[PDB]
Amino acid sequence: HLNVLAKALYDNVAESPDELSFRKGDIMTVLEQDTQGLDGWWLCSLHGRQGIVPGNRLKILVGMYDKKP
Amino acid sequence: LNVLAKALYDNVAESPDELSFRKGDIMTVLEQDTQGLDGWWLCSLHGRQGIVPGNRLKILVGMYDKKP
Ligand SMILES: [Mg+2]
């Protein structure tokens with residue numbers, strides 16, 4: 001039904017094309033925590049782009065969700 | 001000698017004057033408060049010069065750049 005929303009606590013400059021770049025304050029959808037065997041890397045979607053993100057650079061936006069569509 | 005400084009944070013540049021960088025990157029500090037700009041430093045990272053907020057960096061004691 002619902003995906004977690006998370007807010008960036010820090011900037012993130014992608015080190016590879018699989019990683020999202022984002023700025024502090026950006027709000028993204030969490031598609032999968034610890035995606036594809038990674039520990040600490042979350043698959044997220046931000047303004048239509050998808051990539052992995054270090055989970056420890058985010059905070060969960062409590063109570064706020066994005067529909068799985 | 002020019003000072004070296006380490007990034008404490010990643011930094012997304014939004015204009016070509018600014019450098020983008022990742023936490024842990026080490027850059028050369030060419031000029032602090034460059035052009036009289038409070039807290040903006042002229043730095044070089046991997047051969048690109050731009051301005052960087054000093055408050056994202058940590059000066060590395062005893063470490064200096066000298067161009068080959
Ligand atoms: Mg990184």
Side-chain angles (χ1 to χ4, degrees):
Chain A
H1 184 188
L2 297 177
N3 284 327
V4 169
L5 287 168
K7 182 176 183 174
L9 301 170
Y10 306 98
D11 287 4
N12 193 71
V13 170
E15 212 165 74
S16 73
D18 287 345
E19 184 174 7
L20 288 179
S21 293
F22 54 83
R23 295 175 304 183
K24 182 175 180 181
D26 285 348
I27 295 173
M28 64 196 75
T29 302
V30 180
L31 303 173
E32 191 179 19
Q33 297 185 37
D34 284 3
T35 189
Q36 299 168 67
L38 297 175
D39 187 351
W41 290 90
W42 297 13
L43 188 68
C44 296
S45 183
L46 176 58
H47 298 341
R49 299 188 181 81
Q50 189 187 129
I52 63 172
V53 169
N56 62 193
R57 295 171 157 237
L58 306 177
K59 66 173 183 187
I60 290 172
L61 285 174
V62 172
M64 300 187 175
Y65 299 100
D66 196 15
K67 271 206 171 149
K68 280 189 180 280
Chain B
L1 303 161
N2 293 318
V3 165
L4 294 177
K6 180 171 68 179
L8 296 172
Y9 304 93
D10 285 27
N11 187 77
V12 168
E14 318 192 358
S15 70
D17 285 356
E18 298 172 79
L19 299 180
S20 291
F21 52 85
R22 302 186 190 86
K23 183 176 184 180
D25 285 348
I26 297 172
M27 63 194 78
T28 298
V29 180
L30 298 175
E31 194 175 36
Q32 300 193 38
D33 287 0
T34 188
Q35 303 188 49
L37 297 167
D38 186 350
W40 284 98
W41 300 0
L42 181 67
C43 300
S44 184
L45 176 62
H46 301 129
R48 184 172 161 99
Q49 288 180 31
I51 63 172
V52 175
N55 70 194
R56 292 200 198 203
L57 306 179
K58 183 174 172 180
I59 297 286
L60 296 170
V61 171
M63 300 192 166
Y64 295 100
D65 175 337
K66 191 183 194 322
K67 189 179 81 178

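Naming: A, B, ... by sequence-line order, numbering from 1 per chain.
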Would you list the pairs meeting salt bridge (charged side-chain N to carboxylate O under 4.0 Å, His left out) in which at least one residue belongs to residues 40-49 of chain B, sequence neighbours left out?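 The answer is none; no pair qualifies.
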
I'd like to check the side chain to side chain donor-acceptor pair (under 3.5 Å) partners of [X]; sequence neighbours left out, ordered by chain and number.
X       : value
B:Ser15 : B:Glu18
B:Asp25 : none
B:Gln49 : none

Which atoms form the tightest heavy-atom contact between B:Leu45 and B:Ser20, and what is the distance?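 Closest pair (atom of B:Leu45, atom of B:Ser20, distance): CD2-O, 3.8 Å.
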
Scan for side-chain hydrogen bond (donor to acceptor under 3.5 Å, both in side chains) pairs involving residues 31-45 of chain A, sequence neighbours excluded, and state none if there are none.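 Qualifying pairs: A:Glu32-A:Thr35.
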
Qualifying side-chain hydrogen bond (donor to acceptor under 3.5 Å, both in side chains) pairs with a residue from residues 59-68 of chain B, counting only residues at least two apart or across chains: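 Non-adjacent pairs meeting side-chain hydrogen bond (donor to acceptor under 3.5 Å, both in side chains): B:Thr28-B:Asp65.
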
Starting at CE of B:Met27, measure out to NE2 of B:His46 and round the result to the nearest 0.5 Å.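 Answer rounded to 0.5 Å: 9.0 Å.
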
Any chance you could measure A:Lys59, atom NZ, to A:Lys7, atom NZ, to the nearest 0.5 Å?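 That separation rounds to 5.0 Å.
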
Listing, residues 7-14 of chain B side-chain donor-acceptor contacts under 3.5 Å, not counting sequence neighbours, or none:
residue: B:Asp10; atom: OD1; partner: A:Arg57; partner atom: NH2; Å: 3.0
residue: B:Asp10; atom: OD1; partner: B:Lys23; partner atom: N; Å: 2.8
residue: B:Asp10; atom: OD2; partner: A:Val13; partner atom: N; Å: 2.9
residue: B:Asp10; atom: OD2; partner: A:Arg57; partner atom: NH1; Å: 3.4
residue: B:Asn11; atom: OD1; partner: B:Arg56; partner atom: NE; Å: 3.4
residue: B:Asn11; atom: OD1; partner: B:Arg56; partner atom: NH1; Å: 3.1
residue: B:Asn11; atom: ND2; partner: B:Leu19; partner atom: O; Å: 2.9
residue: B:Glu14; atom: OE1; partner: A:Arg23; partner atom: NH1; Å: 3.4
residue: B:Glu14; atom: OE2; partner: A:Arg23; partner atom: NH1; Å: 3.2

Hydrophobic cluster partners of B:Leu42 (side-chain heavy atoms under 4.5 Å):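 So far as hydrophobic clustering goes, B:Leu42 is joined with B:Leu30.
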
Cluster companions of A:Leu61 among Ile, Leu, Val, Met, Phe, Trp, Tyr (side-chain spacing under 4.5 Å):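 Besides A:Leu61, the cluster holds A:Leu5, A:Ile27, A:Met64.
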
Is the shortest heavy-atom distance from the side chain of A:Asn3 to the side chain of A:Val30 under 4.5 Å?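 No - every pair of side-chain heavy atoms lies 4.5 Å or more apart.
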
